[PDB]
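K.L.:
need coordinates for the below:
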Amino acid sequence: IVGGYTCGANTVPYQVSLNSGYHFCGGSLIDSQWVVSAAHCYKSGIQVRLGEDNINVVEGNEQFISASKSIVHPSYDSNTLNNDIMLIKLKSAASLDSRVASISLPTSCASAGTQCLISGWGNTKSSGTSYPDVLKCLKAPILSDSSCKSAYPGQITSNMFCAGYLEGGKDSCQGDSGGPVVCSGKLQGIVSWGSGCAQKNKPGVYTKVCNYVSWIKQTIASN
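P.N.:
Numbers count the residues shown, from 1 in each chain. This is the structure:
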């Protein structure tokens, strides 16, 4: 997250960290035993870290749970990043409280203009590199359909949307991938891709979660 603020410890209670020995992706908790992330964050051997702020210190509210199975979206295309979404089941149910809670799936897609919260432990610099230990937050609007397509000609599909600032300076970045875009108390997006970070005219692109509700709910009822 570039141009963001320190969220505050456990104030994004649905944010999770995917650790394979180090944090590499973000995710969102959607129930006691299921996490949603970005398919391009898939790897064998994941541990899900819940209740994290500082990801290099044990502060007393963490739950570390191993993944029992991962399910990449059937139609994920890793060359164009369409359907960049995956599901992770946890080996045991998380214990939910005020500091570890799930976020709600949308019933309706969110419109352009809507202000959302984006969070993660990715790089905080637009040029060069500096990774924060504590979670960072950014409020950003969903951009029009049109604007998103003219910023990335030929690359935006019906399952992506852009959010951020076309003036630059505020954006998601490397290490934020798979993390939540929450708008009016629900999960509208997943940090998926962009062109550098916080460049003029190139806003971050997110997986449109509203298009996948049906698939998630069918998948978690049978697995």
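
K.L.:
from residue 117, how far out is residue 188?
P.N.:
10 Å (CB to CB, to the nearest Å). Just so you know, the C-beta spots here come from the backbone N, C-alpha and C atoms, and that holds for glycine as well.

K.L.:
ditto for residue 26
P.N.:
Plainly put, residue 26 is 13 Å away from residue 117 if you go by CB to CB.

K.L.:
next one: residue 84
P.N.:
To residue 117, residue 84 is 20 Å away according to CB to CB.

K.L.:
okay, the two: which has more neighbours?
P.N.:
Under the criterion of other CB atoms under 10 Å, the comparison of residue 84 against residue 117 puts residue 84 first, with 27 against 18.

K.L.:
hang on, that one packs against residue 193?
P.N.:
Yes. If you go by CB atoms under 8 Å, residue 84 and residue 193 touch, sitting 7.1 Å apart.

K.L.:
centre-most residue in this structure?
P.N.:
residue 179 (1.6 Å; CA atoms, centre = their mean).

K.L.:
bridged to the closest residue to it other than its chain neighbours, which residues?
P.N.:
Of all residues not flanking residue 179 in the chain, residue 26 sits nearest, at 2.7 Å (CB to CB, 6 or more residues apart in numbering). Per DSSP bridges, residues listed as beta-bridge partners of residue 26: residue 17.

K.L.:
and residue 26, what is it in contact with?
P.N.:
Applying CB atoms under 8 Å, 6 or more residues apart in numbering, we find residue 26 in contact with 15-18, 37, 119-122, 175-180, 191.

K.L.:
what do you get for residue 113?
P.N.:
141-142.

K.L.:
how close does it sit to residue 187?
P.N.:
Where residue 187 is concerned, residue 113 sits at a distance of 18 Å (CB to CB).

K.L.:
for residue 30, see how far away the closest residue in space to residue 183 that isn't next to it in sequence is.
P.N.:
Computed as CB to CB, 6+ apart, the closest residue to residue 183 that is not its neighbour in sequence is residue 116, at 3.8 Å. The gap separating residue 116 from residue 30 is 16 Å, by CB to CB.

K.L.:
state the phi and psi torsions of the closest residue to residue 47 other than its chain neighbours.
P.N.:
Distance criterion CB to CB, 6+ apart; nearest residue to residue 47, sequence neighbours excluded, is residue 19 at 4.7 Å. Note on residue 19: backbone dihedrals following degrees, to the nearest 10 are phi -120, psi 130.
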